[PDB]
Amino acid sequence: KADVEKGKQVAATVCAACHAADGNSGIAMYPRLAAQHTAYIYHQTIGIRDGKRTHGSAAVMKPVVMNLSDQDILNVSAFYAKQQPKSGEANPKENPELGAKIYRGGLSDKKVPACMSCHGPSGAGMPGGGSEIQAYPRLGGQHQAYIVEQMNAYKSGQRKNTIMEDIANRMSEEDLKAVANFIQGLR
């Protein structure tokens, strides 16, 4: 029922300036959206438009999406969810070996579970549907700076999610910077 063609024009005329027309943003401030899951894109946009998601730089996006209809946001969500994801590159000096170990096997000493167990072996996440009561957003190729910022919001409680708040608070700045670096290069 969602109209991907209309979603295309919305992304082209509204979102592209920050997130790119395919969702593969080139500015580390604007998170990637290509192949992010439909319900996740939809609810995050609505939250930013409606003043519920306030942390970080959400304030620059809210005015631009203020007069988008709910159907408009659903259409551009379905559009972005079908795009092909591009990845950044892992910085060899940002301990990508530790990042990979956090991602694939967690940090058992600090009860940090492997990110991959929810976010997938390529960081594709999991969409909602079926009898699944819990979906997981895509992370692969996401800008490392954005990842660290969200992880900090979860740490401080500026962003709410009991699962991620508990995970982020068990980790160190070094842990976050490493796993973020690895995630940027996940293709």
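From 1 onward, residues are counted along the sequence shown.
Visitor: Higher average CA B factor in the deposited record is what I'm after, so tell me if that's 128-136 or 56-64.
Guide: So the stretch with the higher mean C-alpha B-factor is 128-136.
Visitor: I need to verify one thing: averaged over C-alpha atoms only, is the B-factor higher for 86-94 or for 73-81?
Guide: Of 73-81 and 86-94, the stretch with the higher C-alpha B-factor average is 86-94.
Visitor: Would you mind ranking residue 12 by its C-alpha B-factor against the rest of the chain and naming the third, lowest, middle or highest?
Guide: Highest third of the chain for residue 12's C-alpha B-factor.
Visitor: Going by the recorded CA B-factors, say which third of the chain residue 31 sits in, lowest, middle or highest.
Guide: It falls in the bottom third of the chain.
Visitor: Where does the C-alpha B-factor of residue 144 rank in its chain, lowest, middle or highest third?
Guide: Answer is middle: the recorded C-alpha B-factor places it there.
Visitor: Residue 49: which third of its chain by C-alpha temperature factor?
Guide: Its C-alpha B-factor belongs to the middle third of this chain's values.
Visitor: Compared with the other modelled residues in the chain, in which third is the CA B-factor of residue 156?
Guide: Residue 156: CA B-factor falls in the middle third of its chain.
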